[PDB]
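Below, each chain spelled out in residue letters.
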Protein chains: 2
Amino acid sequence: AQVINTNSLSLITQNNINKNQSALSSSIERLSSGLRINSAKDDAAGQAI
Amino acid sequence: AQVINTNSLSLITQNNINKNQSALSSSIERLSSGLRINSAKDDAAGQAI
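Residues numbered from 1 in each chain as written, not as in the entry; some residues may be left out. Chains lettered and ligands numbered in written order. Part of a larger assembly, values for the part shown. Heavy atoms only, no water.

K.L.:
I tried to follow the side chain of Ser33(A) on my own but got confused; where do I start?
P.N.:
If you trace the backbone, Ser33(A) turns up in the loop between α1 (8–32) and α2 (45–48). In terms of polar contacts, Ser33(A) uses its side chain to reach the backbone carbonyl oxygen of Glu29(A), at 2.6 Å. (Helix = DSSP H or I, 4+ residues; strand = E, 2+ residues; numbered from the N terminus. Polar contact = N/O pair within 3.5 Å; in protein donor to acceptor, adjacent residues only side chain to side chain.)

K.L.:
Could you clarify how one ought to interpret unusual backbone geometry in this entry?
P.N.:
Residues other than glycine predominantly adopt negative phi, and peptide bonds predominantly adopt the trans conformation. Residues and elements named next belong to chain A. At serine 39, a position not held by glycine, the phi torsion is positive, near 70°. As for its position among the elements, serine 39 is in the loop between α1 and α2. Residue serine 39 is classed as exposed on the basis of its relative accessible area of 58%. Phi is positive for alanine 40, close to 50°, though the residue is something other than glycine. By secondary structure assignment, the location of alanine 40 is in the loop between α1 and α2. (Buried < 20%, exposed > 50% of the residue type's maximum accessible area, 1.4 Å probe, protein only.)

K.L.:
Mind showing me how you'd approach the side chain of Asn38(A) here?
P.N.:
All names here are of chain A. Within the secondary structure, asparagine 38 is located in the loop between α1 and α2. A polar contact is formed between the side chain of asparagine 38 and the side chain of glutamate 29, at a distance of 2.6 Å. Not counting chain neighbours up to four residues away, the residues in contact with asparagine 38 comprise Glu29, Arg30 and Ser33. (Contact = heavy atoms within 4.5 Å.)

Taken by themselves, the reported measurements are silent on function.
Structural data, given as structure tokens:
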């Protein structure tokens, strides 16, 4: 290898997984909850209606 | 052989070894730590950035 001070590829991998973790959490919490809005974290325009 | 008081070629050889010694020491210290800069006796722009 060339760089040993930092494993930049590992940083890219972690950055990629962090985004997918949010989608996983949102999917699980929306599946558990009956309501689609799930506590107004989404757009509130339909939430008020 | 002509004279024995001074062995000039020996001194020139010593100068060559001393010149190589700096490169050897720099190589060892740079291999020791990941940082390429390593307390830059080198150019200081990169360390500033």
